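Below you'll find only one chain, the form deposited in one PDB entry, shown as structure tokens.
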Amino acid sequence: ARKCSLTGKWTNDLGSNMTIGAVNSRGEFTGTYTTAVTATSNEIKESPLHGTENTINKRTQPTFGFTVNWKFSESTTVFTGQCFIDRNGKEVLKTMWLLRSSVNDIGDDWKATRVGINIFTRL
């Protein structure tokens, strides 16, 4: 009964939000990612995401990955992590991400990758 499900509306520790739709039988899902300029805030861009959740042993707490294809930049971010629960109740996504910037010369590749985390909860 305690299936952690990616589908729905999520927010995070930096105040970014994401929506993910139905995950099919192969574990594929699409979504949207907002973001989060200045002021507030400032004002919001919306970016597409595509990923897969791992279906091996139809786990209640599966691992997943997804790519955010940023609309306001040449950058790409990948997130990977796991859907947990958590003492009710509360579903939580613990992710790690890599943010790739575009560089012009391959000589600059070494500096093009940031890493960090995101914890997501239901909105």
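Numbers follow the displayed sequence, beginning with 1. We call the rigid core whatever largest set of C-alpha positions still superposes within 1.5 Å between the two forms.
> Take the C-alpha B-factors listed in the entry for 59 to 67 and for 83 to 91, compute each mean, and give the stretch with the larger one.
Stretch with the higher mean C-alpha B-factor: 83 to 91.
> Going by the mean C-alpha B-factor recorded in the entry, which is higher: 31 to 39 or 93 to 101?
Per the PDB entry, the higher value belongs to 31 to 39.
> Comparing residue 25 with the other modelled residues of its chain, is its CA B-factor in the lowest, middle or highest third?
Residue 25: CA B-factor falls in the highest third of its chain.
> Could you look up the Cα B-factor of residue 73 in the entry and say which third of the chain it sits in: lowest, middle or highest?
For residue 73, the deposited C-alpha B-factor lands in the middle third.
> Split the chain's modelled residues into thirds by Cα B-factor; is residue 5 in the lowest, middle or highest one?
It belongs to the highest third of the chain when residues are ordered by C-alpha B-factor.
Form deposited in another entry: not shown, discussed below.
> At a 2 Å cut-off on C-alpha positions, does residue 42 qualify as shifted between the shown form and the other one after fitting the rigid core?
Result for residue 42: yes, a 2 Å-plus shift.
> Residue 96 to residue 41, Cα distance in that other deposited form relative to here: closer or farther, by 3 Å or more?
Relative to the displayed form, residue 96 and residue 41 move farther apart in that other deposited form - a change of at least 3 Å between their C-alphas.
> Versus the form shown, are the CA atoms of residue 73 and residue 38 closer or farther apart in that other deposited form, given a shift of 3 angstroms or more?
Between the C-alphas of residue 38 and residue 73, the gap narrows in that other deposited form (3 Å or more compared with this form).
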